[PDB]
Amino acid sequence: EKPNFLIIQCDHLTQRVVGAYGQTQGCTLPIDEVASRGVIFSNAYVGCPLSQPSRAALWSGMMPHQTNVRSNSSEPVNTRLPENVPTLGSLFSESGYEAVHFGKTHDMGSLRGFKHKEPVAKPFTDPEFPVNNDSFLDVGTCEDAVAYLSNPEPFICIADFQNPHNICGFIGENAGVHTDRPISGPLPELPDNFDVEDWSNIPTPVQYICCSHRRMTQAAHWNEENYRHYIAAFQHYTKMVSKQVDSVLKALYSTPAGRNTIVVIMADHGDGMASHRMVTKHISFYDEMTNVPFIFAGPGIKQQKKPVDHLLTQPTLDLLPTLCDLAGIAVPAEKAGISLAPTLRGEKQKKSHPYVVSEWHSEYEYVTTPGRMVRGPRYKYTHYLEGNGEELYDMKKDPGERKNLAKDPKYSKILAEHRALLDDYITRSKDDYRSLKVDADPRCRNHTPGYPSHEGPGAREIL
Ligand SMILES: [Zn+2]
């Protein structure tokens, strides 16, 4: 019998908060239970740390400059994926699967082939944290997926949850200098990489996220207590969505279809979680935002106690071929992803990514400051057109990315070697990166570098 698939994706969800990754306890027990039956990938980099580019890319198995959906802007700034591009939904539908999608779309046409049902917001009251339509829509999504799974073959079902994206609304309610609303639970500690060591040693676009990113403008002058309350809220919205994941899985396993279902849990991108002073996602490529949870379990998938760290994976590219392989569906040769089904099955992985990549372009076209990330087996390299800025982090010895090695002459060979990987990427993927124009108004680079120095309203008000 062909397997069913349930893909659960949570917007902003991070490795740090998912207990299976070993950093934070107590926030994701239902996800951790799935992980404990299957396989989790340590190195799972998304193609862009932003929702619409990530999703347009994910469901088509392509990179953002190829879909040409490079920001969150709507039509005509970004155009829907052409109907001739194969997608996860087209491939599965054409192979006899019922393909259904619940929850957040934000796909710019890459969900073609799925039958989508729009969720309806179901409001509720939270006595300690701000909640908004992000959280209320998730209630509807959960109801929809529960109803579907409680009476389902073969099928592929996506449940696209918003949380912990309600962190964005939290930041708005706590913008600027403020005293935090008291909460009852423990107040988390700041991460080891909270502080930026040296602002002069990071790229211009990253130095001025306070100017270009509304949420960073709002948090720029936050104190340490303020950031700790941010982390608490992030954990709270994570717990909230984890309860919905539990409800969805209970529905799945309530009929005989469940045991024949492969479950995937992932995120479109992560969240700064105060690391590098960052809130949410914008411009930078640090692991908190680019390296997401990527968990599989189900029939034929052999349990692995240890996270898989010997492979570099790219969910944005790899999900489509992995699911097709598990379903016995031929993948178009042009798709650049690499099926992980052999690793999942305990069979020989004959092909793997030598490196993985992420992209930045713009958020809403106020500031266009393209960049690229290359994660090799050990080091992460970043480049930004603006100022020709570069980063180089030793991910083995400096997993917090505190120490930029790009200007250290001891690392000049390593730096060259990673520039060369970017060159290979640009060639093979037909990236127009090197020809792109920076549009970064000097008004958004007009104070001493770094967020504590930020003055004034930021790009969306000034430009
Ligand atoms: Zn600023």
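In the authors' numbering, the protein residues as written are 22 to 173, 176 to 486. Just so it is clear, CB atoms sit at the ideal spot from N, CA and C, and this is done for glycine as well.
* Chain-order list of residues whose beta-carbon lies under 7 Å from that of residue 173 (same chain, five-residue window excluded) -> 278 and 280
* Asked: Got a sec, what are the start and stop residues for the alpha helix (DSSP H) residue 76 sits in?
  -> 72 to 79
* Boundaries of the beta strand (DSSP E) in which residue 31 is found, first to last residue -> 25 to 31
* **Any non-hydrogen atom of ligand 1 closer than 6 Å to residue 477 Cβ** => Within the chosen limit of 6 Å, ligand 1 reaches the beta carbon of residue 477 through at least one heavy atom.
* **Other residues of its chain near residue 483: CB distance less than 7 Å, five sequence neighbours each side excluded** => Here the set comprises 237 and 389.
* To do: Round the Cβ separation of residue 37 and residue 291 to the nearest angstrom and send it over; I've been treating them as touching at under 8 Å.
  => About 16 Å separates the two Cβ atoms, so there is no contact after all.
* Would you kindly check if the distance between the Cβ of residue 151 and the Cβ of residue 25 is under 7 Å? => no
* To do: For the beta strand (DSSP E) holding residue 320, just list the boundary residues, first then last.
  => 317 to 320
* Buried or exposed for residue 457, please, with buried defined as at least 16 other CB atoms from any protein chain shown within 10 angstroms of its CB. => exposed
* **Meets three-Cβ-pair contact criterion under 8 Å: the region 219 to 226 and the region 100 to 119** => no
* **Cβ neighbour criterion (16 or more within 10 Å) applied to residue 335** => buried
* Residue range of the beta strand (DSSP E) that includes residue 129 -> Looking at the DSSP string, residue 129 is not in any beta strand (DSSP E), and its letter there is neither H nor E.
* To do: Could you spell out where the alpha helix (DSSP H) holding residue 254 opens and where it closes?
  => In the DSSP annotation of this structure, the continuous segment of the alpha helix (DSSP H) that includes residue 254 starts and ends at 247 to 275.
* To do: Reducing DSSP to helix, strand and coil, say where residue 178 ends up.
  => strand
* Beta-bridge pairing of residue 402 - partner residues as DSSP gives them -> 417
* Is residue 233 near ligand 1, with its Cβ less than 6 Å from a heavy atom? -> Remark: the shortest separation between the CB of residue 233 and any heavy atom of ligand 1 falls under 6 Å.
* To do: Name the residue from 131, 474 and 341 whose alpha carbon lies nearest to the alpha carbon of residue 359.
  => Proximity to residue 359 across 131, 474 and 341 peaks at 341, based on C-alpha coordinates.
* Asked: Got a sec? Which residues, its chain only, sit under 8 Å from residue 249 by beta carbon, not counting five neighbours each side?
  -> 197, 201, 203 and 242
* Asked: When the Cα atoms are used, what is the spatial distance from residue 228 to residue 413?
  -> 11 Å
* Classification of residue 168 by the beta-carbon crowding that lies within 10 angstroms, buried from 16 upward -> With fewer than 16 other Cβ atoms from the protein chains shown falling within 10 Å of its own Cβ, residue 168 counts as exposed.
* **DSSP three-state assignment for residue 434, whether helix, strand or coil** => helix
* In chain order, what residues of the same chain lie with their CB nearer than 6 Å to the CB of residue 317, ignoring the 5 residues before and after it? -> 62, 65, 289 and 338
* **Anticipated Cβ contact below 8 Å, residue 402 with residue 417, distance rounded** => Right, their Cβ atoms sit about 6 Å apart.
* Could I get the ranges of all uninterrupted beta strand (DSSP E) runs contained in the region 317 to 360, with 3 residues as the minimum, in chain order? => 317 to 320
* **With 16 other Cβ atoms within 10 Å as the buried cut-off, status of residue 56** => buried
* Limits of the alpha helix (DSSP H) - the one that residue 39 falls within -> Note, residue 39: premise wrong, no alpha helix (DSSP H); not H, not E.
* Asked: Would you call residue 215 buried or exposed, if buried means 16 or more other Cβ atoms sit within 10 Å of its Cβ?
  -> So residue 215 counts as exposed.
* Asked: How is residue 378 classed by DSSP in three states: helix, strand or coil?
  -> coil
* Asked: residue 353: buried (16+ other C-beta within 10 angstroms of its C-beta) or exposed?
  -> exposed
* Helix, strand or coil: which one does DSSP assign to residue 159? -> helix
* Opening and closing residue of the beta strand (DSSP E) in which residue 286 lies -> 284 to 289
* So the alpha helix (DSSP H) residue 137 belongs to, where does it begin and stop? -> Segment 136 to 138 is the beta strand (DSSP E) holding residue 137; no alpha helix (DSSP H) there.
* **Cβ-Cβ separation, residue 303 to residue 191 (assumed contact under 8 Å), whole Å** => 6 Å
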